[PDB]
Amino acid sequence: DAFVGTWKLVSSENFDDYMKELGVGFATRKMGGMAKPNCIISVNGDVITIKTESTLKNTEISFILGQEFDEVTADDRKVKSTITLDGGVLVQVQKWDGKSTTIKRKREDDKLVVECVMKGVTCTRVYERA
Ligand SMILES: Cc1csc(-c2c(NC(=O)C3=C(C(=O)O)CCCC3)sc3c2CCC(F)(F)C3)n1
């Protein structure tokens, strides 16, 4: 839809702090902090696929809106994830060990804007079309 396409990371703010708040260790934060992923989003019927491709690590999720699924995150958390569409925004929550983080993806002008919240830390990652 509005989200479908191949997107390339152009900016990131507070990603190291966001990863620290998740409990991510130094080596993995060093890898993630300097990654400039592509995000490839596609839809086939009820199923949406989001691939994140980067030099040192790829991940992929496929999901139906409002249906919880198991996810292994890039930092190796085993989480229960639910993604919904709310006022044009894809809202993802990941739940594990009584904690949660939210990842919201929204389209603004030319950009795909990704807001990641963990406790008091808010990170903003912006992608543009490849
Ligand atoms: C939590 C955590 C630890 S590490 C890591 C992570 C990447 N996270 C992303 O891109 C993320 C988003 C996005 O912008 O799509 C939005 C959601 C949040 C997370 S990308 C990438 C790594 C490490 C390995 C790598 F090879 F460096 C490449 N996420």
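Heads up, chain A uses Swiss-Prot numbers, so what you see runs 3-132.
Going by what the header records, the deposited coordinates were determined by X-ray crystallography, 1.5 Å.
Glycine is treated like the rest: Cβ placed from N, Cα and C.
Feature list (source: Swiss-Prot):
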- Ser13: phosphoserine (MOD_RES)
- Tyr20: phosphotyrosine (MOD_RES)
- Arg127, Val128, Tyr129: fatty acid binding site (BINDING)
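Annotated features, which come from Swiss-Prot, shown on the structure.
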residue	record	CB count, 10 Å
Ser13	phosphoserine	12
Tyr20	phosphotyrosine	24
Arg127	fatty acid binding site	21
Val128	fatty acid binding site	17
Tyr129	fatty acid binding site	24
**OP:** Please name which of the recorded positions listed here, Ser13, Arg127, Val128, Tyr129, is nearest in space to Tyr20 (phosphotyrosine), Cα against Cα.
**Re:** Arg127
**OP:** Taking the recorded fatty acid site as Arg127, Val128, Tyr129, identify the other residues of that chain whose CB atom sits within 8 Å of the mean position of the site's CB atoms, giving them in sequence order.
**Re:** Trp9, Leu11, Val12, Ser13, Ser14, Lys113, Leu114, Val115, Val116, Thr126, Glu130
Original post:
Can you tell me how far the Cα of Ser13 (phosphoserine) sits from the Cα of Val128 (fatty acid binding site), in Å?
Top reply: 5
Original post:
Any idea what DSSP makes of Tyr129 (fatty acid binding site), helix, strand or coil?
Top reply: strand
Original post:
For the recorded positions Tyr20, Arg127, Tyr129, which sit with their CB under 6 angstroms from an atom of ligand 1?
Top reply: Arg127
